[PDB]
């Protein structure tokens, strides 16, 4: 694994921007929102996930399309340590609905954003006692507990891409034009409780093809507009 110095990251980001629009190799294409991140990883020579460290060593690397209205940033995934499993949650709260991409395919889905301070429309909410005790509730009923490790996201390199071509098509291209270094992370207990950080569940199941469920892992996420609540220092790199 290469450990990238800050100066090496800054230099590489300028080189990447100077390359202009980057294309998706045919062998890579798989109708995938995450392709922006795969392309960015290639530029940094990131060959596999490391269980211990952020992609670049000291820093974790994240790419995003620069949409006018931006989806949340996914920080990492983690299964609950205790209580109901994600599959047990899916069994109870999932709902039958056609695929959004292919209307002829029937699915069972649970795509829901859960946060502190509020019940969502499915009755789900979070609270936190410590960063190591984040609890999922349905109304006043305790379901599950997460013990989250934030080590890998202590420092981030976040890079934004402009796009040309249809989203998730083989012709989509990416020009990485802006980047930020985010450091000095805050304790997350209050951020969970106040609904700044959120948890997404992203489980579905292809019923038409008689397949088993696909749990993508509970996602800890944050809106880009609220990153200054998570990190005390945000520096423009590119």
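Residue numbers count along the first chain shown, from 1.
In the record comparison, residue 149 is modelled in each of the other entries of this protein that model the residues flanking it, with no third of them omitting it. In every other compared PDB entry of this protein that covers both flanking sides, residue 123 is modelled, so it falls short of the one-third threshold for missing coordinates. For the segment pair 25-33 and 57-65, the entry gives 25-33 the higher mean B-factor, averaged over Cα atoms. Comparing 127-135 with 156-164, the stretch with the higher mean C-alpha B-factor in the PDB entry is 127-135.
Comparing the listed residues 148, 81, 143, 110, the entry records the largest Cα B-factor for 148. Among 71, 88, 74, 99, the highest C-alpha B-factor recorded in the PDB entry belongs to 71. Among the modelled residues of its chain, residue 228 has a C-alpha B-factor that falls in the highest third according to the deposited record. Ranked against the other modelled residues of its chain, the C-alpha B-factor of residue 187 as given in the entry falls in the highest third. Placement of the Cα temperature factor of residue 41 within the chain: middle third of the modelled residues, per the deposited record. Per the deposited record, the Cα B-factor of residue 47 falls in the highest third when ranked against the other modelled residues of its chain. The entry lists a Cα temperature factor for residue 103 that places it in the highest third of the chain's modelled residues.
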